[PDB]
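Protein chains in written order, with our numbering: chain A, 20 to 245; chain B, 569 to 778; chain C, 3 to 104. The beta carbon of each residue, even a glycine, is placed where N, CA and C say it ideally should be.
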Amino acid sequence: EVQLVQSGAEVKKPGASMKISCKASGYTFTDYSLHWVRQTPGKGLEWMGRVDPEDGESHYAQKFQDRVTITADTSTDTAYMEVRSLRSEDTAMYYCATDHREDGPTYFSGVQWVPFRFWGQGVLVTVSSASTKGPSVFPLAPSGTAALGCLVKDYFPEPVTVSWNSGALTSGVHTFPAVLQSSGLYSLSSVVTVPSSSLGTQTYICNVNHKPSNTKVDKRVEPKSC
Amino acid sequence: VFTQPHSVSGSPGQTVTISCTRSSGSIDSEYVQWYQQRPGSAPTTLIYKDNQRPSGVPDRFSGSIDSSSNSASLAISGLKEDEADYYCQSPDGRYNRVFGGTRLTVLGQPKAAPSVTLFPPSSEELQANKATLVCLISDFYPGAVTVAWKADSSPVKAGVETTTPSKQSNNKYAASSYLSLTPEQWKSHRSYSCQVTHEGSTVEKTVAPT
Amino acid sequence: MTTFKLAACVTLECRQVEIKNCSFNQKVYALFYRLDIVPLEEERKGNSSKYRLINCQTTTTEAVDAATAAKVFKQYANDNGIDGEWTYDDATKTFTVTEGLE
Ligand SMILES: *[C@@H]1O[C@H](CO)[C@@H](O)[C@H](O)[C@H]1NC(C)=O
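Shown next as structure tokens:
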């Protein structure tokens, strides 16, 4: 029911800015304040601030009161967070989150208020001097199961999503973590293990998505001529 | 500040307690919430108002307040899918909020060996003046492995980039390694090999320009 | 726009005495079972928090400011079977109409 749907990943030059966003559905948007929480990679969660959608009231943590500006639009039920003067340290997952009420676990408890009950999916914003570089996608053709896959090569920054057959194929699928390779770019693999009997009789398509470069790729994966 | 132990551990079946200690005041002055975050995912509520489970949260998770320690604590029984980060939270006044985080490590889980697949370069990549060998290693436990490459019978170390193991949602670990080549390097040998070793044993996988 | 709420119940400010010591508006204090009341904001272990009684009718409207919101809420309260003493809070943008203390 309740959904907080965040914007896509980005990359930004130092000194630049970002305006991240978060759509809400499934609750009365103006009943609960929307919060923002950051997560530097390998580091913990850290509350940024909040906005109360029924008016313009916003609040911030001592760290972020200088550069950040959180707003809410109740015509679209979308909350936005703007962050100026970006720095190398700001490379993080940014989450929107909201409180929600529940009738408690027991008859005696009553209607409770639960902090950060729902979270958005998160958006990875990378801050770097280096420019965006989109993925080159190549098929890993199969030579009683056969393995076939897609190589998602030389892209920057993270992240990359890979599905198969538009999400209809999930059994035997394994997408691997990317190698951060010496040059600074990323390379990633997804493979799906498959009955070799099906190679002439099922089309396998990997769907690659690199939101930082707005790149989307469909690659059919076929066995070669023998 | 809220300070948490950056790491905590526990075996299957056992019960594990994670601390959350306040530096600035009494844990009896604000409610303490707790959250779980599985790798590669958004956080989820597990506890609020010190010891209340949200809708859908199992009885295995319990919150606690020890005013003598000035430490809140989250105690998780029946350890398992419970492998994740765990965070405490509490407010600061009418408007501000403070998070703690603890990486909960589940140890003694059953061992498992890797399945390995090695790919030659695609014809499309060769037409692009490049060649990459993809060595894929998956479903092993514990999360530590060693990978090596050989051009014909002779080892090669330049041109290799290898990942650190990490957990798939199926609880075993996975990794990938890449040998980057020129099409002339690839074509000029008779075979290339990826060799993987996990627990005192080694699998060899090989490919050829044929 | 600013969204305003009209409530046909009292707002309560409550602190711990299970049982909570609550006041309504000036300030009248009384003790309530925690089961009878509904949080209007995050609950506070130290100080008081704003609550609602379980039985409550509410409506909302967007307006340039509270003065225009009162036009519509006075109309709503006439068209429906609603009466009482009025009150406005700017922190929550909530009007309250109650026929208490009678
Ligand atoms: C409730 O709050 C009032 C505020 O003055 C206080 O006098 C009283 O002792 C508190 N407790 C009870 C049970 O009324």
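Using the Cβ count rule (16 or more neighbours within 10 Å means buried), how would you classify residue i?
i                    : result
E104 (chain C)       : exposed
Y31 (chain C)        : exposed
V684 (chain B)       : buried
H119 (chain A)       : buried
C245 (chain A)       : exposed
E45 (chain C)        : buried
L675 (chain B)       : exposed
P689 (chain B)       : buried
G75 (chain A)        : exposed
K755 (chain B)       : exposed
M67 (chain A)        : buried
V19 (chain C)        : exposed
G668 (chain B)       : buried
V21 (chain A)        : exposed
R136 (chain A)       : buried
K172 (chain A)       : buried
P176 (chain A)       : buried
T770 (chain B)       : exposed
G203 (chain A)       : exposed
residue 18 (chain A) : No answer is possible for residue 18 (chain A): the residues shown for chain A start at 20 and end at 245.
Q25 (chain A)        : buried
For residue i, name the three-state secondary structure that DSSP assigns.
i                     : result
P659 (chain B)        : strand
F195 (chain A)        : coil
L218 (chain A)        : coil
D596 (chain B)        : helix
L37 (chain C)         : helix
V74 (chain C)         : helix
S635 (chain B)        : coil
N226 (chain A)        : strand
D720 (chain B)        : coil
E101 (chain C)        : coil
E752 (chain B)        : helix
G186 (chain A)        : helix
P134 (chain A)        : strand
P231 (chain A)        : helix
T774 (chain B)        : strand
residue 256 (chain A) : In the structure as shown, chain A starts at 20 and stops at 245, and residue 256 (chain A) therefore has no counterpart that could be examined.
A79 (chain C)         : helix
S744 (chain B)        : strand
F127 (chain A)        : coil
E692 (chain B)        : helix
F48 (chain A)         : helix
Excluding the 5 residues flanking residue i on each side, which residues of the same chain have their C-beta closer than 8 angstroms to its C-beta?
i              : result
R665 (chain B) : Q657, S658 and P659
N638 (chain B) : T589, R590, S594 and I595
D92 (chain C)  : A68
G102 (chain C) : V12, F26, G86 and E87
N49 (chain C)  : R17
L55 (chain C)  : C11, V12, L14, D38, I39 and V40
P580 (chain B) : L647, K648, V674, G676 and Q677
Looking only at its own chain, which residues have a Cβ that is under 6 angstroms from the Cβ of residue i, when we skip the five neighbours before and after it?
i              : result
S645 (chain B) : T583 and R628
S232 (chain A) : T151 and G153
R671 (chain B) : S575 and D653
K773 (chain B) : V684, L686 and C762
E64 (chain C)  : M3 and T5
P124 (chain A) : none
Apart from the five residues on each side of it in sequence, which residues of its chain come closer than 7 angstroms, Cβ to Cβ, to residue i?
i                     : result
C58 (chain C)         : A9, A10 and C11
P178 (chain A)        : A28 and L143
residue 562 (chain B) : Since the first residue shown for chain B is 569 and the last is 778, residue 562 (chain B) is missing from the structure and cannot be characterised.
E752 (chain B)        : none
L64 (chain A)         : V56 and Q58
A80 (chain A)         : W66, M67 and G68
Our contact map puts residue i next to residue j with C-beta atoms below 8 angstroms; I'd like the distance itself, whole angstroms only.
i              : j              : result
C225 (chain A) : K238 (chain A) : 5 angstroms
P214 (chain A) : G168 (chain A) : That pair is no contact at about 15 angstroms.
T585 (chain B) : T571 (chain B) : Not quite, the Cβ-Cβ distance comes to about 15 angstroms (not below 8 angstroms), so this is no contact.
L218 (chain A) : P158 (chain A) : Contact doesn't hold; Cβ gap of about 13 angstroms is too wide.
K95 (chain C)  : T4 (chain C)   : 6 angstroms
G578 (chain B) : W602 (chain B) : That pair is no contact at about 16 angstroms.
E121 (chain A) : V133 (chain A) : 6 angstroms
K29 (chain C)  : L42 (chain C)  : Not confirmed; about 17 angstroms, so no contact.
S745 (chain B) : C703 (chain B) : 4 angstroms
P33 (chain A)  : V192 (chain A) : Wrong, their Cβ atoms sit about 37 angstroms apart, outside the cutoff.
**Prompt:** Below 8 angstroms, can you find three or more Cβ-Cβ pairs linking the stretch 123–143 of chain A to the stretch 26–46 of chain C?
**Reply:** yes
**Message:** Taking 8 angstroms as the cut-off, does the stretch 94–114 of chain A touch the stretch 38–56 of chain A (at least 3 CB pairs, one atom from each stretch)?
**Reply:** Result yes; three or more Cβ-Cβ pairs closer than 8 angstroms.
**Request:** Note down, in chain order, all residues in the stretch 100–126 of chain A with a beta-carbon under 7 angstroms from any beta-carbon belonging to chain D.
**Result:** Of the protein chains in the structure, A, B and C, none is chain D.
**Message:** Under 8 angstroms, with one C-beta from each stretch per pair, do the stretch 604–619 of chain B and the stretch 694–707 of chain B reach the 3-pair mark?
**Reply:** no
**Message:** Under 8 angstroms: do the stretch 90–101 of chain A and the stretch 36–51 of chain A share three or more Cβ pairs, one atom per stretch?
**Reply:** Taking 8 angstroms as the limit for Cβ pairs, the verdict is that the stretch 36–51 of chain A does touch the stretch 90–101 of chain A.
**Request:** Could you tell me whether the stretch 191–203 of chain A touches the stretch 728–739 of chain B, using the rule of 3 or more Cβ pairs below 8 angstroms?
**Result:** The stretch 728–739 of chain B and the stretch 191–203 of chain A touch, with three or more beta-carbon pairs separated by less than 8 angstroms.
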